[PDB]
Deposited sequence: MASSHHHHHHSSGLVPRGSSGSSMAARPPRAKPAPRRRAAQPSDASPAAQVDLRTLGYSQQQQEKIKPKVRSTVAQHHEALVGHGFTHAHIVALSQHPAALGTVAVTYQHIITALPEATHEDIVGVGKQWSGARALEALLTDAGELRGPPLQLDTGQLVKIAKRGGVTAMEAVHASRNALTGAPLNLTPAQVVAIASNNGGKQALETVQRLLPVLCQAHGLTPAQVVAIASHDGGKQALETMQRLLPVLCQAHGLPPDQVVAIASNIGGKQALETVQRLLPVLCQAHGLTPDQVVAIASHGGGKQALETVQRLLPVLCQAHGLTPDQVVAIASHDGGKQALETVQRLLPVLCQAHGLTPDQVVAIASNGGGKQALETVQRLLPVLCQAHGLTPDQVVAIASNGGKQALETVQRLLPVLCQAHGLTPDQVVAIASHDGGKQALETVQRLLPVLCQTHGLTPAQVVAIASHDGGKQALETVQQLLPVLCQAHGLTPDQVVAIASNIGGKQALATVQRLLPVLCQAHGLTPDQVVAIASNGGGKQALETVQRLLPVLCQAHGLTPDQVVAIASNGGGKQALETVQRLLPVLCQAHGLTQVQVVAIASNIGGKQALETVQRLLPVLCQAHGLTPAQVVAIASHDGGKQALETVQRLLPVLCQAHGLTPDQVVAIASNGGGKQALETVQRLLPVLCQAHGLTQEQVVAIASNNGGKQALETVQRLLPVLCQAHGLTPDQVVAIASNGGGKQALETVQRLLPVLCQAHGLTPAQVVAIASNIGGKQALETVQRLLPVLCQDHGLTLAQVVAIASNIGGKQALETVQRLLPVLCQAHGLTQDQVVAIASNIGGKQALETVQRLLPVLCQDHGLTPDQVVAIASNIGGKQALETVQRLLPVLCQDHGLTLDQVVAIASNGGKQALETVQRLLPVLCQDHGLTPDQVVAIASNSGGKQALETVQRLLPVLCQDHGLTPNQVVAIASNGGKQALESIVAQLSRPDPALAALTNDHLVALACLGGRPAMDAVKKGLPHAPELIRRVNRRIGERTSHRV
């Protein structure tokens, strides 16, 4: 009865368990005496030495569940899976010798668990001391070379060749540890010596280039295909040195390069696919699998899902063969069944994970929506990061657990799942969460905000480990720490702070506050160290105090900025005459290095006050570049002058604003009457792209249904937050009038942050008509300042105290909530005592803050 398509003393289908066979160690019996899954034991009798490995396991496992054996379980299954009966024997033999002292079980399992099992093992107990002695290495690195198949060839050709490499090629030791700590270990070490110089003096390869071309599995194979194939491309494909080079610094480097020579031209010649891009799809784990797959799937994806070649490529880049493929398989099943768009889908498929998430999304989409109350969006946003499957999975297995073990909201948990690390971070969460509230004085939010950012696990950890300490003689009020552990270079920052806090005050008399504001950016370490060098250089020889260094140094990426000054600072005054104080300014917004450089390049109709300006925001680079691109094209619509476009661009969403004035200047002037002036007003603001667009898609509805005029809608849209302003105005207009008035709403909304102002009214609307009584209008009158959603909130929080505790009148408070709002409000409440208390004064002139009066 043939589960269909020299068995065996039962034909294969014996103890009906699964069909999950062979199973070819042609060797079989359960014989079970259980103690894990079927998937494991099967996964072990699948190997040379299967049975004998299952039985030996029995002698170490029974020799486990009585006395202190040093080990976990599936751990033991791992020793038997990859180590074989062989390694398993070398362990319940050598265990006490390792327990001395060797290593942790962490690192024993780690080196017994391969093919050189027993040898790798036996060897390490022979050469670990001689490695930490005569060469000073670590229980860490050594067991990191034995840890892969070949540890015996690995360690040995490490003791023979470590010298030749530095006695004639001088590669730092940590660099040979990076050449050996791999599968071809030996074959890397070997092919370095044989081929290290025969290129540099015939090709020009930075010695660190090939150290990192050999720091993978396939070393021998990468340089032999670099040296061999290098010209064909650099000839009639002409890639730079470092391009071919970096296509080669990965596992299975050879076939990346070989499929380039093979497929590079034939791709772009009849697939408009830049060389530069092909090179990108090559340069990744398994790239060949990409190029190969790509030639077959580019046109079918573009012609069945109408995908753009840049998306298919973007997916090819880091989702790989499995990701494109998985998107062929499931584009329809998804985009056209569970509410998805071929863009949210590509979004999911354009990360290493790839296949792995798309699938885990398919399955658990409703499971997490239907049940644990999420939306397709929030799920397709926990899915779009390298650790997709992982993060989604754990969200499912920890959401109500986190919601009940303490009380962490839902939206809040989605925020922790949605970056790389969702698992490790939600798992360092459940670990350390309480260990920091009753026992370490950090709140819930104060910590989810450590999870929620890029930092994750490594950053929550360095916090318990280093938050008590740091405040011993470094000071740093927690506020200061929780901020530091909240960026990407998290763990890196906190450490580097323990490091150079003193070398900064003990050298630059640079305050604390001054520094916690450097350890507080996505790229902490990169800056602390880079100011240590580049501080003395500047203030001394150029012109900056400490401030101007720290100011330049405090954005995600401090490093690049400083460096691009020391290099390019002078030149901008020695050729470009930008008053240095204007140059420490085109360089202290996040894209620093990049804006500096693009002034150097591009500066050469316009001025310096005017150019320092356009480049001074995050736009920086794409700011100017687009300016040149469009300044011409723009002064030719009914639009602009030179002044105008400049003002459009002196703001963060620059390039976005411009290309949205361009793509939409004459589109709604045929739907309304916008002089180009009005348009420029909507876009000479942060978030143009969103304010022009929304103005276009939402203009019809208001004017036609709600009657809102043009001017009204333009007063709305031309403040900062147009999109929010509008999309919140329309949403909530009807609801207010039915006793608010049309213009009262429009007014409250016609201020920056109108969206928020409108809301806090809709919300705290009754509380004031109902309690310490106030009329809709005095209220509207508070809510229409920029004070807004803030002066209102505080005004309820303080009606009690100022009228009762202090002695005030509802019409004086409104007249502050409506003049100086929030701060002026509290500050009054909290300054009245003083003046009356030192040497004679009265609460008569202290309200509102009457001019003078002395």
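K.L.:
Let me make sure I understand the coverage. Which parts of the deposited sequence, in order from the N-terminal end, have no C-alpha coordinates here?
P.N.:
In sequence order, the gaps with no modelled C-alpha are 1-66, 72-78, 80, 83-88, 116-117, 182-183, 689-694, 829-830, 947-1047.
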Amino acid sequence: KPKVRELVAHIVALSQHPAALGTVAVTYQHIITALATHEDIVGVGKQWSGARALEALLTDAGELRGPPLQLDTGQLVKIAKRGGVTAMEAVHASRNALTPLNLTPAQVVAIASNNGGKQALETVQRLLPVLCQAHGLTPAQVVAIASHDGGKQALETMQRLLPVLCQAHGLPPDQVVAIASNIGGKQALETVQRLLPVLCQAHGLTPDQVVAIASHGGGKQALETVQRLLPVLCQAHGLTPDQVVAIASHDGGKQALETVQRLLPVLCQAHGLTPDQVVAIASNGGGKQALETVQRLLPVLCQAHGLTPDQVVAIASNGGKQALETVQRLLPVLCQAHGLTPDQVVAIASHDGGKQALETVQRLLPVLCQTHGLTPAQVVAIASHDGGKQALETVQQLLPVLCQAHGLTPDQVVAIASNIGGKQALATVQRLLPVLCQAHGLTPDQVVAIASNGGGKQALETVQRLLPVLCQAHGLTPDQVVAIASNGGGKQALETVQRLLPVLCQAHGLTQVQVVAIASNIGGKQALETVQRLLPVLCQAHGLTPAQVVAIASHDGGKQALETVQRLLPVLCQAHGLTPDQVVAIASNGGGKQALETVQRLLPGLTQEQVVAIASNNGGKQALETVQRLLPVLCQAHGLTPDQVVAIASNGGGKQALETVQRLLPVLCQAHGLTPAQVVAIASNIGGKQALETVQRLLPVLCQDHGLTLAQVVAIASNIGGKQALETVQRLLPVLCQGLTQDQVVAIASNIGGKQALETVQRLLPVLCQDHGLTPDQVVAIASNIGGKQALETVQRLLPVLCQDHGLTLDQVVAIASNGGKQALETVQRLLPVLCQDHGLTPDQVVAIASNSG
From here on, numbers count along this sequence of modelled residues.
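K.L.:
Give the stretch, out of 260-268 and 630-638, with the larger mean C-alpha temperature factor in the deposited entry.
P.N.:
Result of the comparison: 630-638.
K.L.:
If you average the CA temperature factors over each stretch, which comes out higher, 671-679 or 248-256?
P.N.:
Per the PDB entry, the higher value belongs to 671-679.
K.L.:
Checking the record values for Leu528, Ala417, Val142, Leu103, which has the greatest CA B factor?
P.N.:
Across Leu528, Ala417, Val142, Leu103, the entry lists the biggest C-alpha B-factor for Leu103.
K.L.:
Per the PDB entry, which option out of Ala212, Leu442, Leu658, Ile382 has the greatest Cα B factor?
P.N.:
Each of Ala212, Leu442, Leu658, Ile382 was compared by C-alpha B-factor; the highest is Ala212.
K.L.:
By its CA B factor, does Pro67 count among the lowest, middle or highest third of the modelled residues in the chain?
P.N.:
For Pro67, whose C-alpha B-factor we compare with every modelled residue in the chain, the answer is the highest third.
K.L.:
Ordered by C-alpha B-factor within the chain, which third holds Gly754? Give me lowest, middle or highest, please.
P.N.:
For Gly754, the deposited C-alpha B-factor lands in the lowest third.
K.L.:
Among the modelled residues of its chain, does the C-alpha B-factor of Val729 lie in the lowest, middle or highest third?
P.N.:
Tercile = lowest for this residue's CA B-factor.
K.L.:
With respect to C-alpha B-factor, does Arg95 fall in the lowest, middle or highest third of the chain as deposited?
P.N.:
Middle third, going by the recorded CA B-factors of the chain.
K.L.:
In terms of the chain's CA B-factor thirds, is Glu156 lowest, middle or highest?
P.N.:
Its C-alpha B-factor, which the entry lists for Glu156, ranks in the middle third among residues of this chain.
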